[PDB]
Amino acid sequence: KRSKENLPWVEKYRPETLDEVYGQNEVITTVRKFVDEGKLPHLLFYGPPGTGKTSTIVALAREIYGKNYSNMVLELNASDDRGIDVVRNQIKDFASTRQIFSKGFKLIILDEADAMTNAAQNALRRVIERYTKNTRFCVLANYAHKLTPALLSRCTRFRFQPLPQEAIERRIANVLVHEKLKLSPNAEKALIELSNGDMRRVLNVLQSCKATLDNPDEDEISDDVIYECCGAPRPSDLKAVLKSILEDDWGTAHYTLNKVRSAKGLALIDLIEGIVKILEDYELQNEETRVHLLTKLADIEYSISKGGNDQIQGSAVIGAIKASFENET
Amino acid sequence: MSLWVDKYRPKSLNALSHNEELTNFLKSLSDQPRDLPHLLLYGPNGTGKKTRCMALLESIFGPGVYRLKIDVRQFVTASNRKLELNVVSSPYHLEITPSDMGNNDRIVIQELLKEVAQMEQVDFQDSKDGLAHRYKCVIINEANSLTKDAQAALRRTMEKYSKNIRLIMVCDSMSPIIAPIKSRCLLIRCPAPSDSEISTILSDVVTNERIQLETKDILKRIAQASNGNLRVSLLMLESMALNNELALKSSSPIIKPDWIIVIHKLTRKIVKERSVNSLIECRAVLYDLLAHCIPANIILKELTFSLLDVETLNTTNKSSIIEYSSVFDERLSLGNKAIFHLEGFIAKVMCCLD
Amino acid sequence: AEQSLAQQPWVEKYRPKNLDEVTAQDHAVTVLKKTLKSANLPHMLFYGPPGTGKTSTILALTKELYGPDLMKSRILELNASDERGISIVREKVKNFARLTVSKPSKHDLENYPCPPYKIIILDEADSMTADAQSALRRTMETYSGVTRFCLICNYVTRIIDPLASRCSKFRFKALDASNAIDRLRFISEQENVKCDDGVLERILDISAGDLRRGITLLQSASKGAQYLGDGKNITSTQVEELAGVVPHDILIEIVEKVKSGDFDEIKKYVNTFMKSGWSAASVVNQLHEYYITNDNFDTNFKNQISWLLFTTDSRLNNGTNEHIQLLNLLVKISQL
Amino acid sequence: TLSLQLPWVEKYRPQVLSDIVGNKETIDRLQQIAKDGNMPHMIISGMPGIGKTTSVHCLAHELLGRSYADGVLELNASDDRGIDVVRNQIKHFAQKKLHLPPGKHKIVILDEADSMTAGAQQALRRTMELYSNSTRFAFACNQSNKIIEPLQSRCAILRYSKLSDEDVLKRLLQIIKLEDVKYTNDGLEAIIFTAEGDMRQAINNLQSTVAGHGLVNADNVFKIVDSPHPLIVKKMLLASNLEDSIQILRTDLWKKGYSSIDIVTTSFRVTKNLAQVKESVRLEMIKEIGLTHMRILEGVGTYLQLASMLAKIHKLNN
Amino acid sequence: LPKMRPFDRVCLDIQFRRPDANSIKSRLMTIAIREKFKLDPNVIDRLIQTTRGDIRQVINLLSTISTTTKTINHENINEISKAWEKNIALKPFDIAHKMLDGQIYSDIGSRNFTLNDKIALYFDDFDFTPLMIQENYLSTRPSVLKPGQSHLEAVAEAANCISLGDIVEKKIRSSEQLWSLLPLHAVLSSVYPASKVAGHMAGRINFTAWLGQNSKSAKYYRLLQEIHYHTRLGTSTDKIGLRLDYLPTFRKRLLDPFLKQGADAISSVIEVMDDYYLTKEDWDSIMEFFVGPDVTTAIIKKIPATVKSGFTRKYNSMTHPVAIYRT
Amino acid sequence: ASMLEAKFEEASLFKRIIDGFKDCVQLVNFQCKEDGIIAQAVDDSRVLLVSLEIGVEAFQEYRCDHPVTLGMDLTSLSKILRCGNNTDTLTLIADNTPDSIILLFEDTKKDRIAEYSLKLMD
DNA sequence: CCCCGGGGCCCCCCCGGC
DNA sequence: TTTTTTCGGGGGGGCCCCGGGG
Ligand SMILES: Nc1ncnc2c1ncn2[C@@H]1O[C@H](COP(=O)(O)OP(=O)(O)OP(O)(O)=S)[C@@H](O)[C@H]1O
Ligand SMILES: Nc1ncnc2c1ncn2[C@@H]1O[C@H](COP(=O)(O)OP(=O)(O)OP(O)(O)=S)[C@@H](O)[C@H]1O
Ligand SMILES: Nc1ncnc2c1ncn2[C@@H]1O[C@H](COP(=O)(O)OP(=O)(O)OP(O)(O)=S)[C@@H](O)[C@H]1O
Ligand SMILES: Nc1nc2c(ncn2[C@@H]2O[C@H](COP(=O)(O)OP(=O)(O)O)[C@@H](O)[C@H]2O)c(=O)[nH]1
Ligand SMILES: [Mg+2]
Ligand SMILES: [Mg+2]
Ligand SMILES: [Mg+2]
């Protein structure tokens, strides 16, 4: 723990205040208004990984309190035991007792509550309801089916959407300015495309790209660096593979696939995913073609997930695509 | 005395008769055993894999490997349950079958193998190179039955303590073995003996046992009726000789195991009566077979290969039978209740055949 | 000391000791090697096919970061051979991650970078349960200033999405005869292995991306050559025999029997073939190579046989009987 | 600001039995019991957010009054309710002597009784029979099948029903009047639609809408609150063309942040309650959805798997 | 219930059954006259059927309904009975009978008994329902067969789905603890297979036979393990190989001499058992393994008593070796 | 053993101090200066705060060059502190940028020396 | 110096969906 | 018209033994 410069970019660039959280305008505005007027309800932040839930709640707590929020809030996560005994004793005493340092209300943050047992969630119901006058609860979740209906009904739900492109571009610009780096527009587009709405992925990939460059001062991060560090297929490669599979004989398609994969050690799963994305735009004249494509490609993906014979898997991909498109005549 | 199958088992690499190429390969492996990698011997059952493993160990350490003792190790689960494992040991090697306890083999792998591998064999077991035997050999029998968790545990124990332990695993098929473990072992294929070699071994036993033989054709029939299984051939020869007052004749019938007879009768019944009542009787027969320590996979294999032998069936019926067998073998491999899958296979066979 | 590793198997003997001895993993070795100076090592997720150099890479990185002395006090290695339940994650891993980093010595600081953080290496993390992985999430983030995590696995899909998001992903490529030939040739030269031209390429092709298997095959070939003692060069046919590769003659006989189409003849031939001990995976791979790379068949036949071979390979990957699967595949191909 | 204001769900919690909307028969009967006495042992069952606990508390208060402090024993899931607790504390409370008005008795309120072990419930049998002259028992549960039949035979069953749109509208309008909230009828309709009959959710959504943007209209209401995803899944599974179903899965579920596990579980539930489709087709769709769920639970969770599941469902429905 | 098995035959089993409406009508009418509310004679039978003959529950019903409604006539029986309907969990036999009925799977009956009802019925006993279904799905005359389908095809489809449900069950009860798949199992193991062979029972609902068979298999496997590890020092095989290969020959070397020779063969059998460290109990256990035409129960029971007595006495009088020296 | 060297009058004193609040809080943090040792610990429930302010006069000798912070676990500290006699002298030793705290037990009459090092927590 | 109260482990027994 | 497998959590019974009082 020397300084912040010796930290991963995912942690080095954690939003400190609520103004540094991007892509969640509605939720941020609503929670800030609640803190302003003092109408904070029991909150349930539901969202996919790396969207700004933990950061948002920590920033909210630091905004309500000062820099001593660590001692004025009860934050429990999956790394800590949260059984029925914990809910009955520790959470109950925290909710029913005044603040040692300040003279304000109390906040309990049950992060990763989806990992809690049903008994603990059931016990939390009346604990939440009874001490509502001086206590408020915040629950952060990724999957909603693991939360009991009673807990869901007792909390106001806020959904963290996948981060749009615009917020990702702004945060990438901020990181580039801070790190003194240059990013090509096509490199930026590839980074946002591979992000899948996750900022942690963007930060990790950007750190890897900075590492790849010989001298990060003058050199620029081109899409080539993106694909080299991520080891992902190139759009031209995917298009060429699809063209060879759909318009050439078996020998030519096999040779093209093998050459493309061996050029940079491209993985079969990435090629399958890219081809699926490409075919999504295709306007098929027969529903059977799309049905067969989806089913057979899903089966191939499931087989790949458990390993097996890679060459046979690639041949199966080629054959499935050809057979499915044979129904377009 | 002991059974002929056990009384005439070769005790050294020089006493092996069939598969001379494999004997040469084993001798090559034993020339400089101080750098021997982990070995995985795979091949058909009853071919002599364990005999070759013992011969290699004898050639590496010495005859003392054949002085075996049985001890009992105690293990405790996370639930406080107590289990006992029977371990066969020699002054130079150990033999274990972790699959005896079932899903708890991981505990054995993580405790017993770790303890053995973390201890140095300081015994001055003078080897053939002038340096005392350093590494210790552990033979994991029936490795194909090990659970995947046990194999994952074995993965790094095989690598970290290679200086202290070497593993010789014997299996019949490599499909259940995970690729990471298969990559850490030297694979040794053990082909089954040919009919001529089996006949020669049977003739050697006959000459040593003073068994009257009308003609050498009987030994050829016995060898052809075993399908490469040498243990089955030897035991069948002994049973036939005893049942015929050590006076095997050209007309002496070939004996078959009782379970084989039951499976063949079940095949005939299935082929004749394709009805739900027949399916209920087949369920009863399957329960009877399974209750007496007859593995479900064995039953499925014999049933599939006996139904295909019926001459009243056509190509389409046999193709359907083999397809159903292929599907239900995987079903069995991915399930606990074998009777369910066996009944489903019989029902599908009856549907297609009818 | 020296004899301890001089008497070891070639796979362990020639394990990379530094990050510059890794053959064909530059795209990640360069990053891990520049973190030596940048001192901002992120959480790592090393995934790839078996025998590509993940454990060796992480061990070399630790050695180059800490050194022989400070390593043991800054590394916590846990693999599938230790209990790794939710209780272990909550107590032991959390406690180790919450400790202060060991004080580097003057010698260590003067000769090694001595990064200000410790490392926890969870090898074979794919076997860990989902609950433990979820419990590791906030532990990874809270103590990032003093601890870094490396999850090494083979099936990336077995890692929960949150942890995969918290870890920078590194894919280890397959080591084929095009990028790993140099290491095998160097090992052969060091071990004084006399082999004919193309033998190493054949070994690497048969290995199918696993350099450990190639090294083991080379060691077996060297042992056989030394035992025979004629002074000749190792031949490719010997490698194929030692690698469980069916001779081309038997494959051609199987192909002819399939072309015949008779069920009984195919069944008898398969029964005879299964008595030799050939592995079904090798037979399936060779059949796929022969059929997909032949101009005597039409598009429909190849399309159907590809799916048939894929289904057979998937079924054989679960631990199913080889005889039944091979017979079914051969019959279905015969009816194509 | 460090001084919060009470939420409307608590600030406007009914304190009398006449302020509870919905289940007119049961509420009137409880009012009659409160006015007369001789309260029987009762078990109140129903879905969340309908007013079971509120009704129980209002009845106990109106029945006892100043004796509420010494004549009510309230135990919930947050409090230990093991066999020892039942056999000592409840028994002592039942045996405790209290002089109450002529037609009043002590009350034991076991909230969330469905989370009690069978042993505790069995130990709760005779205490209700040998002390019925001094104490009465009220249970409030969501699942009524978790209470052992011997206890159910000892109590009157009050199965509260799902609240209708009229009751929610009435209560919401009353709260709006008491808080002077600017609203549009479309906003109230949207709030009711998204509440799904849960008064707590309706009040919380209304409070959030007012405190975030002011006017309660359809746009503002839907900006915070999203439409129930079960209805979206139902629409996706009832589409004619696979293209439309895939579009619904894509632009309405996948990109909104909904996890694959949630989508598959919701699809399973909706198909289980898809009365429109025949039973056999529903069973095949359930088989396919279960295959997809098993695939996802092993770590292979991707939009491709959901698309394949939808394609198989469409093939089954063709 | 198993818990009360100790009271099997140490006490007089007095049975009280659900009282009939005829006797309870008098009490209900007396209470009606006493408490000043109307209860027509035609309502008692239905009210009693509502509570499954629980007089206490009927009295509580009357007390509660009399609070506001003082008239209980045919105009309001339906609402009262629907609001106070008792829901008891059916037991294994009843669950199996209800599930294997062709009326709940019809297009008219499916509305009254929905898929939710069947899935909940599975959960009444989630450990015995699949076994009962698998045991009783071959003893029914179906009435839900599609045109052209025969009974054999329906049972085959049911068996296939039963195998799939067994795979799902294996997945559920594993290290991953995947209980969220329990509903799917209900459909795969119990509802779907019954829906294809649903109809009218052609006999009685038999209890699961797999439990006793599993117990027998475990017993025989333990015996085989003991025998195998008693002979590991003289054989080269596994327990499966011992069962399939060695035991047929051991029988000819251990039992046949008694049948053919008689008492004189005792010495040879003793010798053979001594060469493999085999005990008398091991001999019996080995003789208990054979099936089919090799069953030895009748053959052994037919051996003259003198030969067996001499065999036992000679074995006991002799000193024998030991394979495992448990210290 | 450069920054902090503090020997108590007897190990019983520090034992008694530790037992006074070892059942209330789990993790403690001492901040040793040239004036003494001060520790503040907050309970998991965040309801009880323990503050100890041992003074310089409670030690036979107390040397502390620079203010040094030591985070420790009360269970482990008590367990180690229970590995000594009631007639011995206990000295706390801390070095540059402490990674562990050394607890030395000395008995001059019996010429007994015992060592114990506890790793500090960040 | 000996007895009693009450904290703390140890062992076992049962659930697990909406 | 009768009766099985596994982790993790929770509950409930049983001691054990330190501490404190007499
Ligand atoms: N809205 C955001 N704005 C800026 N950075 C973000 C944002 N969301 C995520 N990040 C970045 O990703 C990192 C992780 O953010 P978190 O919100 O803490 O992750 P998380 O949402 O809690 O993950 P889950 O849902 O528990 S798997 C932050 O430190 C940021 O660097
Ligand atoms: N990149 C590599 N460069 C040189 N040798 C390698 C390389 N990868 C593997 N090997 C060789 O194979 C041996 C084993 O390598 P490992 O590091 O164990 O592979 P691995 O990635 O750990 O395999 P898995 O996924 O755990 S089964 C090494 O000692 C090396 O001799
Ligand atoms: N019938 C109702 N009339 C007026 N307000 C209601 C009504 N039902 C619920 N509410 C409101 O929602 C709040 C909570 O109602 P509750 O009584 O807690 O519902 P509940 O049925 O007891 O929840 P469960 O089943 O224990 S999860 C009350 O304070 C009321 O403000
Ligand atoms: N004469 C002779 N008999 C052999 C040879 N190899 C194996 N056997 C016999 O075959 C029997 C069974 O061999 P075994 O190794 O136990 O079979 P496996 O372990 O299942 O492969 C042994 O009892 C031997 O008698 C051989 O090389 N020569
Ligand atoms: Mg989080
Ligand atoms: Mg490894
Ligand atoms: Mg409530």
# chains A, B, ... in the order shown; residues from 1 in each chain; ligands from 1
>>> residues_around(residues="segment 129-142 of chain D", least_positions_apart="6", cutoff="8 Å", atoms="only C-alpha atoms (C1' of nucleotides)", output="mmCIF file with N, CA, C and O atoms, in the first residue's frame")
data_model
loop_
_atom_site.group_PDB
_atom_site.id
_atom_site.type_symbol
_atom_site.label_atom_id
_atom_site.label_comp_id
_atom_site.auth_asym_id
_atom_site.auth_seq_id
_atom_site.Cartn_x
_atom_site.Cartn_y
_atom_site.Cartn_z
ATOM 1 N N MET D 39 -62.093 -13.136 20.929
ATOM 2 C CA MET D 39 -61.260 -13.314 19.751
ATOM 3 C C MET D 39 -60.826 -14.774 19.645
ATOM 4 O O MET D 39 -60.283 -15.324 20.613
ATOM 5 N N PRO D 40 -61.048 -15.436 18.512
ATOM 6 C CA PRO D 40 -60.579 -16.812 18.352
ATOM 7 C C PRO D 40 -59.152 -16.871 17.824
ATOM 8 O O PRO D 40 -58.629 -15.917 17.244
ATOM 9 N N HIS D 41 -58.523 -18.023 18.041
ATOM 10 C CA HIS D 41 -57.223 -18.271 17.435
ATOM 11 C C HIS D 41 -57.364 -18.204 15.921
ATOM 12 O O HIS D 41 -58.274 -18.809 15.347
ATOM 13 N N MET D 42 -56.471 -17.461 15.269
ATOM 14 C CA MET D 42 -56.622 -17.195 13.846
ATOM 15 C C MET D 42 -55.287 -17.326 13.132
ATOM 16 O O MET D 42 -54.224 -17.095 13.714
ATOM 17 N N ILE D 43 -55.363 -17.708 11.859
ATOM 18 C CA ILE D 43 -54.222 -17.737 10.952
ATOM 19 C C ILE D 43 -54.600 -16.927 9.722
ATOM 20 O O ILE D 43 -55.559 -17.273 9.020
ATOM 21 N N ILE D 44 -53.850 -15.860 9.458
ATOM 22 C CA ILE D 44 -54.106 -14.958 8.342
ATOM 23 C C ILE D 44 -53.061 -15.222 7.269
ATOM 24 O O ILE D 44 -51.857 -15.050 7.503
ATOM 25 N N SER D 45 -53.525 -15.622 6.087
ATOM 26 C CA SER D 45 -52.662 -15.992 4.977
ATOM 27 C C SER D 45 -52.919 -15.080 3.784
ATOM 28 O O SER D 45 -54.033 -14.585 3.589
ATOM 29 N N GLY D 46 -51.877 -14.864 2.991
ATOM 30 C CA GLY D 46 -52.005 -14.052 1.800
ATOM 31 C C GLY D 46 -50.647 -13.653 1.267
ATOM 32 O O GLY D 46 -49.605 -13.941 1.863
ATOM 33 N N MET D 47 -50.682 -12.979 0.121
ATOM 34 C CA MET D 47 -49.485 -12.520 -0.565
ATOM 35 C C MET D 47 -48.905 -11.294 0.126
ATOM 36 O O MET D 47 -49.575 -10.648 0.935
ATOM 37 N N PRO D 48 -47.651 -10.948 -0.166
ATOM 38 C CA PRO D 48 -47.035 -9.794 0.502
ATOM 39 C C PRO D 48 -47.745 -8.490 0.170
ATOM 40 O O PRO D 48 -48.353 -8.337 -0.892
ATOM 41 N N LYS D 52 -51.828 -7.859 6.314
ATOM 42 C CA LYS D 52 -52.041 -8.874 7.341
ATOM 43 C C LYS D 52 -51.513 -8.404 8.691
ATOM 44 O O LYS D 52 -52.244 -8.397 9.690
ATOM 45 N N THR D 53 -50.240 -8.004 8.738
ATOM 46 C CA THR D 53 -49.665 -7.517 9.987
ATOM 47 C C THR D 53 -50.381 -6.260 10.464
ATOM 48 O O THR D 53 -50.627 -6.094 11.665
ATOM 49 N N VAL D 56 -53.662 -7.332 12.020
ATOM 50 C CA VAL D 56 -53.461 -7.983 13.313
ATOM 51 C C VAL D 56 -53.153 -6.946 14.386
ATOM 52 O O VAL D 56 -53.723 -6.971 15.486
ATOM 53 N N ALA D 94 -48.693 -17.108 28.835
ATOM 54 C CA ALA D 94 -50.046 -17.645 28.925
ATOM 55 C C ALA D 94 -50.472 -17.826 30.376
ATOM 56 O O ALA D 94 -51.615 -17.522 30.738
ATOM 57 N N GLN D 95 -49.566 -18.320 31.223
ATOM 58 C CA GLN D 95 -49.891 -18.528 32.629
ATOM 59 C C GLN D 95 -49.890 -17.229 33.423
ATOM 60 O O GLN D 95 -50.433 -17.198 34.532
ATOM 61 N N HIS D 105 -58.802 -10.670 26.185
ATOM 62 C CA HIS D 105 -57.851 -11.716 26.534
ATOM 63 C C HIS D 105 -56.458 -11.293 26.093
ATOM 64 O O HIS D 105 -56.288 -10.372 25.291
ATOM 65 N N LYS D 106 -55.454 -11.982 26.631
ATOM 66 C CA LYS D 106 -54.084 -11.771 26.191
ATOM 67 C C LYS D 106 -53.910 -12.272 24.761
ATOM 68 O O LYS D 106 -54.619 -13.173 24.304
ATOM 69 N N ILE D 107 -52.958 -11.674 24.051
ATOM 70 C CA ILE D 107 -52.737 -11.958 22.638
ATOM 71 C C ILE D 107 -51.271 -12.299 22.420
ATOM 72 O O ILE D 107 -50.378 -11.622 22.943
ATOM 73 N N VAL D 108 -51.028 -13.359 21.654
ATOM 74 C CA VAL D 108 -49.690 -13.750 21.227
ATOM 75 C C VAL D 108 -49.664 -13.685 19.706
ATOM 76 O O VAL D 108 -50.378 -14.441 19.036
ATOM 77 N N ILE D 109 -48.848 -12.787 19.167
ATOM 78 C CA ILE D 109 -48.776 -12.539 17.731
ATOM 79 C C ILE D 109 -47.471 -13.135 17.224
ATOM 80 O O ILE D 109 -46.390 -12.576 17.449
ATOM 81 N N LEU D 110 -47.572 -14.262 16.523
ATOM 82 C CA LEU D 110 -46.417 -14.943 15.940
ATOM 83 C C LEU D 110 -46.345 -14.549 14.468
ATOM 84 O O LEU D 110 -46.845 -15.252 13.589
ATOM 85 N N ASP D 111 -45.712 -13.410 14.204
ATOM 86 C CA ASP D 111 -45.575 -12.928 12.839
ATOM 87 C C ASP D 111 -44.594 -13.799 12.061
ATOM 88 O O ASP D 111 -43.603 -14.295 12.604
ATOM 89 N N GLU D 112 -44.879 -13.979 10.774
ATOM 90 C CA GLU D 112 -44.061 -14.819 9.902
ATOM 91 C C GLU D 112 -43.914 -16.220 10.492
ATOM 92 O O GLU D 112 -42.819 -16.779 10.581
ATOM 93 N N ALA D 113 -45.048 -16.793 10.898
ATOM 94 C CA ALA D 113 -45.052 -18.106 11.531
ATOM 95 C C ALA D 113 -44.617 -19.220 10.589
ATOM 96 O O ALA D 113 -44.295 -20.314 11.064
ATOM 97 N N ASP D 114 -44.598 -18.977 9.278
ATOM 98 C CA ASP D 114 -44.188 -20.010 8.333
ATOM 99 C C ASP D 114 -42.714 -20.369 8.457
ATOM 100 O O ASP D 114 -42.299 -21.397 7.911
#
>>> residues_around(residues="residue 32 of chain C", least_positions_apart="3", cutoff="9 Å", atoms="only C-alpha atoms (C1' of nucleotides)", output="list in words")
residues 211 of chain A; 19, 28, 29, 35, 36, 41 and 61 of chain C
>>> write_last_selection(atoms="N, CA and C atoms", output="PDB file, in the first residue's frame")
ATOM      1  N   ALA A 211       0.580  -1.373 -21.373  1.00  0.00           N
ATOM      2  CA  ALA A 211       1.717  -2.268 -21.188  1.00  0.00           C
ATOM      3  C   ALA A 211       2.288  -2.717 -22.528  1.00  0.00           C
TER       4      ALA A 211
ATOM      5  N   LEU C  19      10.799 -15.603 -17.047  1.00  0.00           N
ATOM      6  CA  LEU C  19       9.749 -15.233 -17.985  1.00  0.00           C
ATOM      7  C   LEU C  19      10.239 -15.135 -19.424  1.00  0.00           C
ATOM      8  N   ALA C  28       1.076 -12.005 -23.313  1.00  0.00           N
ATOM      9  CA  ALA C  28       0.848 -11.806 -21.886  1.00  0.00           C
ATOM     10  C   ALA C  28       2.131 -11.740 -21.077  1.00  0.00           C
ATOM     11  N   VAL C  29       3.180 -12.438 -21.514  1.00  0.00           N
ATOM     12  CA  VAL C  29       4.458 -12.380 -20.814  1.00  0.00           C
ATOM     13  C   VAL C  29       5.020 -10.966 -20.857  1.00  0.00           C
ATOM     14  N   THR C  35       5.073  -5.165 -15.858  1.00  0.00           N
ATOM     15  CA  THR C  35       4.621  -4.890 -14.497  1.00  0.00           C
ATOM     16  C   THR C  35       5.758  -4.990 -13.488  1.00  0.00           C
ATOM     17  N   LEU C  36       6.872  -5.632 -13.850  1.00  0.00           N
ATOM     18  CA  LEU C  36       8.033  -5.642 -12.968  1.00  0.00           C
ATOM     19  C   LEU C  36       8.503  -4.227 -12.663  1.00  0.00           C
ATOM     20  N   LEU C  41       0.695  -4.364 -10.802  1.00  0.00           N
ATOM     21  CA  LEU C  41       0.211  -5.663 -11.245  1.00  0.00           C
ATOM     22  C   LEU C  41      -1.280  -5.795 -10.944  1.00  0.00           C
ATOM     23  N   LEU C  61       7.023 -15.429 -12.752  1.00  0.00           N
ATOM     24  CA  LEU C  61       6.712 -14.048 -12.396  1.00  0.00           C
ATOM     25  C   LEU C  61       6.955 -13.799 -10.914  1.00  0.00           C
TER      26      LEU C  61
END
>>> interface_residues(of="chain A", to="chain H", cutoff="10 Å", atoms="only C-alpha atoms (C1' of nucleotides)", output="ChimeraX atom specification")
/A:83-85,117,119
>>> residues_around(residues="residue 202 of chain E", least_positions_apart="3", cutoff="10 Å", atoms="only C-alpha atoms (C1' of nucleotides)", output="ChimeraX atom specification")
/E:138-142,199,205
>>> residues_near_ligand(ligand="ligand 1", cutoff="8 Å", atoms="only C-alpha atoms (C1' of nucleotides) and all ligand atoms", output="ChimeraX atom specification")
/A:9-15,20-24,46-56,111-112,140-142,163,167-168,171,198-201,203 /C:137-138,161-163,165-166
>>> residues_near_ligand(ligand="ligand 3", cutoff="7 Å", atoms="only C-alpha atoms (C1' of nucleotides) and all ligand atoms", output="PyMOL selection string")
(chain A and resi 150) or (chain D and resi 8-10+12-14+19-22+46-55+112+141-142+171+199-200)
>>> decode(residues="segment 296-304 of chain B", atoms="N, CA, C and O atoms", output="compact mmCIF listing (two decimals), in the first residue's frame")
# COMPACT_ATOMS: atom_id res chain seq x y z
N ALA B 296 -23.85 -52.28 -14.08
CA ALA B 296 -24.86 -51.95 -15.08
C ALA B 296 -24.25 -51.77 -16.46
O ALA B 296 -24.85 -52.19 -17.46
N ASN B 297 -23.08 -51.14 -16.55
CA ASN B 297 -22.44 -50.95 -17.84
C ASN B 297 -22.12 -52.29 -18.50
O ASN B 297 -22.30 -52.46 -19.71
N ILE B 298 -21.65 -53.25 -17.70
CA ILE B 298 -21.39 -54.60 -18.22
C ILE B 298 -22.68 -55.19 -18.79
O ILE B 298 -22.69 -55.76 -19.89
N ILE B 299 -23.77 -55.09 -18.04
CA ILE B 299 -25.04 -55.65 -18.50
C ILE B 299 -25.46 -55.01 -19.81
O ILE B 299 -25.88 -55.69 -20.75
N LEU B 300 -25.34 -53.68 -19.90
CA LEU B 300 -25.71 -52.99 -21.13
C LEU B 300 -24.86 -53.46 -22.30
O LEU B 300 -25.37 -53.70 -23.39
N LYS B 301 -23.55 -53.60 -22.08
CA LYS B 301 -22.66 -54.02 -23.15
C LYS B 301 -23.02 -55.42 -23.65
O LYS B 301 -23.15 -55.64 -24.86
N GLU B 302 -23.17 -56.37 -22.73
CA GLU B 302 -23.51 -57.73 -23.15
C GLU B 302 -24.88 -57.78 -23.82
O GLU B 302 -25.05 -58.49 -24.82
N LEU B 303 -25.86 -57.06 -23.29
CA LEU B 303 -27.18 -57.06 -23.91
C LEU B 303 -27.12 -56.50 -25.33
O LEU B 303 -27.71 -57.07 -26.26
N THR B 304 -26.39 -55.40 -25.52
CA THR B 304 -26.27 -54.82 -26.85
C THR B 304 -25.58 -55.77 -27.82
O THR B 304 -26.03 -55.93 -28.96
